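First the structure, in the form of structure tokens, and then the observations on it.
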Amino acid sequence: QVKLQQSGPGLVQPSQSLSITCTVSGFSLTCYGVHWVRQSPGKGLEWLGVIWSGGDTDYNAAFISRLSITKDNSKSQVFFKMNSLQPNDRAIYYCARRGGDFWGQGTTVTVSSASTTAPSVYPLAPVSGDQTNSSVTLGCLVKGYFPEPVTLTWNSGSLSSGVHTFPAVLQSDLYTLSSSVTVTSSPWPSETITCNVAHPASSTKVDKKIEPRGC
Amino acid sequence: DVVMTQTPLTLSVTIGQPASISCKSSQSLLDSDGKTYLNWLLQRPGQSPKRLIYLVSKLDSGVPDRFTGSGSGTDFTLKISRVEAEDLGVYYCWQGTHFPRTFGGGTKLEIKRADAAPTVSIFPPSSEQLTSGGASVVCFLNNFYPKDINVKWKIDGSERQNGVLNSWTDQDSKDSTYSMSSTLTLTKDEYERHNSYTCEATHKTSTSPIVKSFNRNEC
């Protein structure tokens with residue numbers, strides 16, 4: 001295998017430091033440099049720095065003053081740590097192999113002095129189903145949460161096709177995410193559809209099985 | 001620094017039709033060691049970037065051979081012979097000869113397919129949510145092609161334009177269409193204080209809007 005799995009805080013308060021640990025696997029840190037680039041929402045891939053196999057680093061002038069990339073050859077881990085984080089340093093941070101391009105899952109950083117609110121997962125079921133044996137569409141709603149990173153799925157990945165997860169929208173400083181699923185008419189009553197959600201920040205794992213209703 | 005400029009900013013193209021994207025640097029990318037360091041990446045929605053080409057023309061493993069890398073010095077060009085539904089995403093170009101290891105700004109690739117009307121679905125506030133201070137009526141207008149659409153709510157005929165939050169999906173790697181969801185949200189009482197809730201989407205496929213609604217008096 002070959003993959004750079006990363007870990008770090010999704011929320012940070014202004015000025016507070018940020019530290020992300022990239023745990024590479026599948027190759028050697030004594031043979032490959034690890035790049036740290038981030039992605040400001042809308043903006044794009046900005047390069048922040050690198051630590052070469054010889055432990056020697058090269059930084060982006062714009063960040064040098066507050067960046068500290070270190071690593072542990074044997075532990076197979078690079079260490080990114082930036083200081084004095086301001087609200088505009090909110091982005092998705094990456095860890096990408098120097099050579100054979102392998103990137104990391106990404107680690108999103110929100111920089112605000114605000115709550116970590118746990119989401120409310122409410123199912124969405126069709127009041128009256130479609131008699132025509134074509135399709136039936138269910139949904140899931142995730143309101144009231146803060147650090148944007150939140151995962152959602154249907155029947156725990158088993159239900160993949162027909163899934164549409166819409167990016168969360170922010171109103172009065174809170175996020176609301178929503179996902180849909182469109183099984184055939186036959187599936188919903190027989191097959192058990194469930195929307196599994198989880199806001200990594202408050203450690204909230206939830207399961208909402210879409211059930212029939214009537215008004 | 002090395003200013004990388006990708007010219008086509010956005011680019012719509014029919015599946016099967018050729019697509020070239022150009023990347024130009026403000027400095028030659030040929031290094032003293034004799035090599036030119038330029039690699040083309042691809043970042044599909046959601047996922048992480050993937051490098052498709054490296055060393056201007058070499059292809060990465062698994063990277064389909066429909067991609068052609070070419071260029072020299074400051075002028076490089078990417079070329080997809082026939083674009084497929086899975087080519088969607090933004091393409092970037094980076095240089096590894098000079099140190100700030102700069103990146104091109106990106107080139108959005110939008111796949112042109114025929115028009116498609118939304119498959120609108122309406123959802124009433126689930127009792128569990130009702131037990132709280134509010135109620136949210138959600139409308140799913142999905143699978144329409146041209147991204148542009150507009151949903152207008154109505155409560156007992158009187159259109160609602162406040163307390164609504166829309167959200168688009170961004171082109172689907174399969175079926176290449178778009179999607180959106182609109183959620184009108186009221187106060188629990190202000191909700192059951194009415195009867196019919198209307199979600200209606202005006203798309204280019206028709207001259208009259210697509211209307212989906214429900215009545216609290218009947219399922």
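Here the Cβ is made from the backbone with ideal geometry for all residues, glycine too, and neighbour counts use every protein chain on show. Computed from the coordinates by the stated procedures, all read-outs in this text should not be read as laboratory data.
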Point to revise | Residues satisfying the stated conditions in segment A:148-165, i.e. assigned to a loop (DSSP other than H, G, I, E, B) and more than 9 Å from chain B (Cβ to nearest Cβ) | key: A:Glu148, A:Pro149, A:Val150, A:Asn155, A:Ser156, A:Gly157, A:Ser158, A:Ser160, A:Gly162
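Residue check: is A:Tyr145 without any contact (Cβ under 8 Å) to a residue 60 or more places away in the chain, within 24 Å of B:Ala135 (Cβ to Cβ) and more than 14 Å from every other protein chain (Cβ to nearest Cβ)?
Details: without any contact (Cβ under 8 Å) to a residue 60 or more places away in the chain: yes; within 24 Å of B:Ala135 (Cβ to Cβ): yes; more than 14 Å from every other protein chain (Cβ to nearest Cβ): yes.
Here the answer is yes, as A:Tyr145 does meet what is asked.
Look through segment A:196-215, keep the residues that are touching a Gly at 6+ places or on another chain (Cβ under 8 Å) and surrounded by 17 or more Cβ atoms within 10 Å (Cβ to Cβ), and return whichever of them is farthest from B:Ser136 (Cα to Cα). Show your work before the answer.
Of segment A:196-215, the ones touching a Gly at 6+ places or on another chain (Cβ under 8 Å) are A:200-201, A:210, A:212.
If we keep only those that are surrounded by 17 or more Cβ atoms within 10 Å (Cβ to Cβ) as well, we get A:201, A:210.
Numbers: A:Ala201: 25, A:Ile210: 16 Å.
Here the residue is A:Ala201.
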Exercise for review: With a cut-off of at least 3 residues that are among the hydroxyl-bearing types (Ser, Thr, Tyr) and farther than 16 Å from A:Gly10 by Cβ, name the strands (runs of 3 or more DSSP E) lying wholly within segment A:168-210.
Suggested key: A:175-184
Point to revise | Candidate set: segment A:65-77, residues that are farther than 24 Å from A:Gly26 by Cα and touching a strand residue (DSSP E or B) at 6+ places or on another chain (Cβ under 8 Å); chosen: the one surrounded by the most Cβ atoms within 10 Å (Cβ to Cβ) | key: A:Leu67
Practice item. Among the strands (runs of 3 or more DSSP E) lying completely within segment B:49-122, list those that include at least 1 residues that are touching a strand residue (DSSP E or B) at 6+ places or on another chain (Cβ under 7 Å), among the small types (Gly, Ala, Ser) and more than 14 Å from chain A (Cβ to nearest Cβ). Key: B:67-72
Practice item. Looking only at segment B:59-89, count how many residues are in contact with an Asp or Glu (Cβ under 9 Å, 6 or more places away or on another chain), among the acidic types (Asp, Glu) and buried (at least 17 other Cβ atoms within 10 Å of the Cβ). Key: 0
Study note, to complete from the structure: Residue hits (segment A:78-91; surrounded by 19 or more Cβ atoms within 10 Å (Cβ to Cβ) and either under 28 Å from A:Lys205 (Cβ atoms) or in contact with a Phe, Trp or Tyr (Cβ under 6 Å, 6 or more places away or on another chain) (or both)) are A:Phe80, A:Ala91
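Go through segment B:123-139 residue by residue and tally those that are assigned to a strand (DSSP E or B), at the interface with chain A (Cβ under 7 Å from one of its Cβ atoms) and out of contact with any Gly (no Cβ under 8 Å at 6 or more places or on another chain). Let's see the steps before the verdict.
Of the residues in segment B:123-139, the ones assigned to a strand (DSSP E or B) are B:123, B:134-139.
Right, trim to at the interface with chain A (Cβ under 7 Å from one of its Cβ atoms) and you get B:123, B:136, B:138.
When the remaining residues are screened for being out of contact with any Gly (no Cβ under 8 Å at 6 or more places or on another chain), the result is B:136.
Residues meeting the conditions: 1.
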Check your understanding: Tally time: how many residues in segment A:166-215 are in contact with a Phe, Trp or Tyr (Cβ under 6 Å, 6 or more places away or on another chain) and away from every other protein chain (no Cβ under 14 Å)?
Key -> 1
Practice item. Evaluate the following for A:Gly49: is it in a strand (DSSP E or B) and free of Cβ contacts under 8 Å to residues at least 40 places away in the same chain? Key: yes
